[PDB]
Amino acid sequence: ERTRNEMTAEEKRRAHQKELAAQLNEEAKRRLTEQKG
Amino acid sequence: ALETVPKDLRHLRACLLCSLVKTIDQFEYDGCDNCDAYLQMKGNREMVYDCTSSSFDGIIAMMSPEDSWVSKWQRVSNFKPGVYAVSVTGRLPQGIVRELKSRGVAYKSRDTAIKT
Amino acid sequence: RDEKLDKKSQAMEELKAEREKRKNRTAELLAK
Amino acid sequence: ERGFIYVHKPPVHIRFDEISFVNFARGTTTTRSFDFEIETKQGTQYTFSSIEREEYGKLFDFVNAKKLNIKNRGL
Amino acid sequence: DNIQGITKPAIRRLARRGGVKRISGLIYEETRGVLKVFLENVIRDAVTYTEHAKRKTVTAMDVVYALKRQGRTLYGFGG
Amino acid sequence: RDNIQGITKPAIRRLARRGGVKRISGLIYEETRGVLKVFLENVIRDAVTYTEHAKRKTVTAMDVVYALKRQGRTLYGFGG
Amino acid sequence: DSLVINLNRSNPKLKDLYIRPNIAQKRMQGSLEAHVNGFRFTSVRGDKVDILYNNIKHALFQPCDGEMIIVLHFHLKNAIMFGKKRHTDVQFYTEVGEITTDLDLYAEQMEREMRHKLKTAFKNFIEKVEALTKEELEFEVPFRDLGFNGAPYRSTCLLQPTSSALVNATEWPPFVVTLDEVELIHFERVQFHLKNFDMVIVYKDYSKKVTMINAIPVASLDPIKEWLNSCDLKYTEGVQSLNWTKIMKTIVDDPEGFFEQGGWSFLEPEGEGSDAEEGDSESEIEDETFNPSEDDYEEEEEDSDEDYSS
Amino acid sequence: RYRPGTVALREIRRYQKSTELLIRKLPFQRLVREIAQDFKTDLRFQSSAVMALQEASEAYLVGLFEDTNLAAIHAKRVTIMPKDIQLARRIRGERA
Amino acid sequence: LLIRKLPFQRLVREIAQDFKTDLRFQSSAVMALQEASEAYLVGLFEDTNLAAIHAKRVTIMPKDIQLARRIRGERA
Amino acid sequence: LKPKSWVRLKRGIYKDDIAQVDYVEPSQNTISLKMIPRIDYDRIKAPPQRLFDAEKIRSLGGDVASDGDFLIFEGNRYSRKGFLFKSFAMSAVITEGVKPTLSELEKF
Amino acid sequence: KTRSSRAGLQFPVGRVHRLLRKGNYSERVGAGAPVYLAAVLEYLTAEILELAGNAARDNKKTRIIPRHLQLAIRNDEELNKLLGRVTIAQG
Amino acid sequence: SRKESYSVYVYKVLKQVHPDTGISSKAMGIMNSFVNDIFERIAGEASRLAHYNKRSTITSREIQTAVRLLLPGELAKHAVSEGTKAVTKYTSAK
């Protein structure tokens, strides 16, 4: 067993993507809350 | 029958194996009467450009190949009655000649003309 | 497998490399 | 029943009387599919492409029933 | 590099045969690509059936299976 | 009410929107029914074909399963 | 303001160039020259077309590799008038070979030569311009193996990423996405039964519509995410394809409440344990998580030991 | 915006881990019985068989619409026209 | 028959190399391949022309072949 | 009526200027020829011989058509490096009696 | 020991063998056929289930659901090919 | 009639890979379906190879071929691997 090639590309990417999601929401709120004027 | 004779006099070309002479469109349309079951020169123009040649000299009317000299000198005694060219210039690809050879078909060039 | 992955990754690396160059360059020239 | 008509643009009509000859070329759908050739007595030629092997027999039966000259009929 | 050896007219003649009226030069690049992809799979399968038969030279029996297995089946043969 | 309309235009419109299809000619909805009927007809025929060997007079998901296979529409989520 | 022709200097140039779109009713050839502060394309019929270097949002160079044309694509920060129309996108290209064949080494070799010849001439023009421009106009080359089949407008084309944009300049109209403006990406219709999917681009200025990239094949799913990942692009998947015009006005009218509802987290398919909605909207289906009952195992003893020949 | 229409439909995209059948089950079931009847009488339809058909067809029609969309896209058209379905079917060769 | 038998055989042995050396083919197999090869390209061009027709054109393009294969499901 | 040799011209202002064949379509009707253009350049309206290449003609106007290193100009003046590659009817040109020999070796 | 337990496999080798014998796949069936086959099944099964449990984690769940199998097969370039035209049924 | 299934072993394997994880009846049904599908794909192909030999009997040899033909890359490598291991594991006696 344990024949899987490597960690799935998503699992690697997930942390960065999850990170990006957090970054996005913060980033989005300022830019947009600022843009609302 | 006469279906082998030029229907129209425009752009006549000669078969290059048996030298039968017909129009550009007659070969495209009808093929050669003595070699279509052996040549399959029928229905296409790139094929026409390869097989059917515009460079032919003189015409011979076949009336009695069984009892005729020209029928012999021109290598046509084994054909059906029609008009053939005295000499057609050019040569066939290095494949069909072998396919023909395989069937016992010996390609001898109809090029009777002496070169200079 | 690795040859095509390397070919794809290479294109990605080149992109990453060029992006970084542009990133560093963009900030520097505008910063001046 | 007495001609052929190509419906919708460009709309074209054909009468069996105007046909010189026709043929069911080895078509574009299968090696046994067909395309239909038409040349008028006016020298004007029309051709209908890309038709299933299935419609070959029906048009084959139909034109013989209309007794029109088919290029490959002498085959 | 023999895919480059699959002459444009050869392809061109098949296209005329397929009723295509006109072609754009990219069709050759594309046609060669298509030919490879078809060949890759048919031969790999042909290879595998031959490999199973314990042979190093492929026979028509083996290619029939490779095409038949892919539904790309050949005609005119029996045994 | 006639079940051919039971595959209502909105039922179709949902599927086409899911097949990514955006605007839909009225004409499509009608052909969809034909296609669907053609599709189903082939399938049901086969389901019956299977049912006859089973000496059954009841159609089972197994017959449909064994059928979708034969059409290149293999289905998972049925059987034991 | 102007262009300022770089008079009495070896101004880099390219001459086999077809402008796109046409100035007049029909296409013309011409040559492109780089000047003091911009380009100029001069038609063979004497027409002058000028491009300030600054007004170029992107300069992207498409080599004729696998393409019947070599193309220099200009995405502009502002549209410019071709007299007939105004365009934010412009191209200069030339035909690689016989496009209209109607149904060999010298010809084929001349293709290889002619491509290389053109390819070099252009590549040289670029370098000459990059040097001239103090590199302020780096010609992005679409990373072809990073391209994928899609349709940003109406027809299927190979979309390709560049150092800072996702584009398809072979076809017309030209498609250009400045990744700097991508707020987020959503992979709509992503589902296992589909064979294709779609991609939506959210812009940073929500007053502007999203862009779809319909019917992208699913085989490109993971590769595209990775490309997006490498670009620091946040993406999300959704089998559904709900109304973005509504979603935009909704969030345009109430971004505050939107962000408060987690904002864009609304697209999250609730894969991993985000505490805010740790339990998503889920419930047990209708099963006892498949547990084979104790009596079902007993038939195994008839696995009769017959040593059937290897 | 916390208001209805926004929250549910927005989140339903994420709540929709479900695989709701797009054709109404009974309207469809009746058609199954109908076409079934069109073939032969005495055919008891197990709901499982009805589901099997329903789910296959919906995905299948979506599949058909995938091709149809392509073909519309192919013709530089957004609106599909029956010719596209036909094109798709012809090319698939999935014709009776 | 429309392709030169040599380049065709050369290609067959060449790609065979990528899978395994020693491999060569009896004439019957390479002919059978070409026989299959032609049929496939024939079908594909016919189909592509249907696209050409469908797109209201006569000059086929790679995208026509792509779509045809794409719809055909030739790819993974 | 066959290609591939070095020949002498017969008709028009295009009297006896030697050429050769460049690339061949199989029909053997005509021979392509490496020739020197005889144009006026479309300027008497808003006879000569001079090799010309598609460039001053572009200032007078007219058809400028490039096929790469292969060119077409001002009404299919099929030209390359200023030389015509227009084909002539093999009978209309005197083809025979050249035969590239030991003395001849350098022209084309 | 059961043939499966000889092989230490969970999969009922007698069932796999019995399926083939009565299933008209051949006139006779050698032990190596079901033996190899049963092992392959567990392998691919594990290959998928391994991804499934991972997906379950990647779904905040200790309970695997069909929804998880969809993510596995489309994210796995091999299952993506092996199960390229397959249909998964669920209400 | 008495129902036949693999779901039992599927669960055993699930536990063998993810003891810490369980599965719903629908996901189980899918996996059980997969077992049936893939088994017949290979069972059919293994039969054709035996049939091409014009022989009455199927062996692991036909399977290796069918596996490599039906399974893609990694799955073939591993199926060859895990299958060879599994063959060997009940070969050592005799």
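Read from first to last, the chains carry the letters A, B, C, D, E, F, G, H, I, J, K and L; within each, the first residue is number 1.
By definition in this document, a contact is a pair of C-beta atoms (placed from the backbone, for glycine too) under 8 Å apart; a residue touches a chain by one contact, two chains touch by 3 or more.
Looking at chain F and chain K, the chains in contact with each of them are G, H, L.
Taking F-L and E-G together, the chain pair joined by more C-beta contacts is E-G. Work out the mean CA point of chain F and of chain I, and you get 34 Å between them.
Chain A and chain J have Cα centroids separated by 67 Å. One finds 8 Å separating the Cα centroids of chain F and chain H. Rounded to a whole number, the gap between the C-alpha centres of chain J and chain L is 73 angstrom. Counting partner chains per residue, chain K has residues 3, 12, 29-30, 32, 43, 46-47, 50, 57-58, 63, 65-66, 75, 80-81, 85-90 touching two or more of them. Listed for chain A are residues 1, 3, 9-10, 14, each touching two or more other chains. Multi-chain contact residues of chain B (touching two or more other chains) are listed as 46.
Across the complex, chain I meets chain D through its residues 39, 42-43, 46, 49-50, 53.
Of all residues in chain E, only 18-19 touch chain D in the complex they form. On the side of chain L, the complex with chain F involves touching residues 3-5, 7, 26, 29-30, 32-34, 36-37, 40. On the chain H side of its complex with chain K, the touching residues are 17-21, 51-52, 55-56, 59. Against chain K, in their complex, chain L makes its touches with residues 4, 6, 9-10, 12-14, 16-18, 20-24, 26-27, 30-31, 34-35, 37-39, 42-44, 46-47, 50, 56-64, 67, 70-75, 78-79, 82-83, 85-87, 89-90, 93.
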